[PDB]
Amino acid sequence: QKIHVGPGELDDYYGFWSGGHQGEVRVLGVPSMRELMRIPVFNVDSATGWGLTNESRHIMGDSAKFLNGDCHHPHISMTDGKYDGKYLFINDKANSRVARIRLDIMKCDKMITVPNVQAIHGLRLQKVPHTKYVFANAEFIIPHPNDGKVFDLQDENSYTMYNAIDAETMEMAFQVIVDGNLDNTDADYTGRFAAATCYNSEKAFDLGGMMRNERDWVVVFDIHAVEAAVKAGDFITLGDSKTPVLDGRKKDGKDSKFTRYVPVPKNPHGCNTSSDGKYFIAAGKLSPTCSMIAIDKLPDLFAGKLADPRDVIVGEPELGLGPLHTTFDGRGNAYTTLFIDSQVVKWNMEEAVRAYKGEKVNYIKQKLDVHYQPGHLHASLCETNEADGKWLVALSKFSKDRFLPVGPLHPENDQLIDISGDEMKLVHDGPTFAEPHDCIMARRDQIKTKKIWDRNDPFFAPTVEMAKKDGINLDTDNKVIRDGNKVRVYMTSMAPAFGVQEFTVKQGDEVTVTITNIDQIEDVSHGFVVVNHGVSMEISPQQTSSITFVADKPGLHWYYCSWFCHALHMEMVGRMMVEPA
């Protein structure tokens, strides 16, 4: 199988890599593992102006004031348990957000700060009949209200919440209060259930405290019941947020309609749905096991036809030290990372289930050593009923001597493994910055991208409406509008010339520059940088982009095109003249 992609050949799959603590999404080609694009999300990108432009800051909202993020879990929207290539969603653990990327344009187009929570970590998407909800965990227990009067984690009103976000509007759909906490989450192949791991059933703040119980749990959600109750008006609201909040905690040993708690050892981490839709599989972490929940049995467990939530457990195979995550080949095998043993282990799921019933059968097929300390792993199409069993990527946290030395900070090592046959074979070591946690792969044919921008694109639609209010036709016009101490420059750009090559303002004026790139050849991107003003943005063919800054320095100040666009690139410049105060 494959591995090398020569000059002029194309990769077979797209890979969407989390940027981890660096805050972007990275687009790679697979199997070459080459990075094709960076999509700024929670990071400020000097190149495109993400975090500086008026269009980006509108999307970010009030959260545009943060210069950091911490992303882990990239996921592609689904239709009937297959990728539809519409959206990618990702979490921000640092500043508690979820963002949506439009895959047609490879840009973040929506962002939300989840209300009344701390630390968005686990994230996954409804699969069936389609991604109606984005599911996301808030990891940390906090007081409600968090007003500084109570700090105790055991308080009646100290808890965390499971979050559902409407995938299309990117507005909150509902929140569910839970016992313990939340780590990772996955969804079924019907749309009725979702599940999450919990490592802090103790509601402790100290290490020993958090490891006290032999068992924490997987919490299972009946979204049907949730939706039913929201429809009926049977919910509370918290603070000034209008989001429906349901109580999924236990009361005096009795369940809520919304949740069931399945005991699982021990500070479990991964929560993974098998490609056949049979199981939620929780990785044991401190327990050298995985726990297999039979989704089949969940209706009976919510109907109470079951005397014990442990009865939904149909497998608990011992695999090795520190199991963290599980993926699938669609051939009946599961692949689990063993952080401590530094291996990926291949195991047979139906054999594991028979072994749980006492049968003497070896469900373990192979252990591949990886380099070093694997976290997540991802098999091609593993989140869909189309799991194709071809490629596997294991994402390891300590690269040691696997790459040239680069100082005290090392890359992560994302290792590509061919799983197409009977024996797993390590084929590529991929260094990556700032710790991608997870990644997702999609077939080439699953992603359709725009070659050039549409003038009606929603990404800059508000800017078009601003322009129309000034009587500006963006496709043709070069004009300076004055409004008190505001100056709005509108210009077309066509290599190698800006449409407005000079303009004069007064010291202290707030200047908005709006640029529409009217080159129609694909790939002729323009840039716009104002020297010594901290101003920088990209304008691609048929895009409009705007940026606003104060002209607080008198004199001549040059601006230039940053994207090499024409033989006369260097000469694509202009002059802002600032009259003394």
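Numbering starts at 1 and follows the sequence shown.
Checked against the record, the higher mean CA B factor of 236-244 and 110-118 lies with 236-244.
As the entry records it, the average C-alpha temperature factor is higher for 249-257, out of 445-453 and 249-257. Of the residues listed, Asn91, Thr337, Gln154, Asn137, the entry assigns the biggest Cα temperature factor to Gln154. Within the group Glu502, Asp429, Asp183, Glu351, the record's highest C-alpha temperature factor is found at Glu351. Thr492: CA B factor in the lowest third of modelled residues in this chain (values from the PDB entry). In the deposited entry, the Cα temperature factor of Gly148 places it in the highest third of its chain's modelled residues. The entry lists a Cα temperature factor for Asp216 that places it in the middle third of the chain's modelled residues.
Among all modelled residues in its chain, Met576 ranks in the lowest third by Cα B-factor. Among all modelled residues in its chain, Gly484 ranks in the highest third by Cα B-factor.
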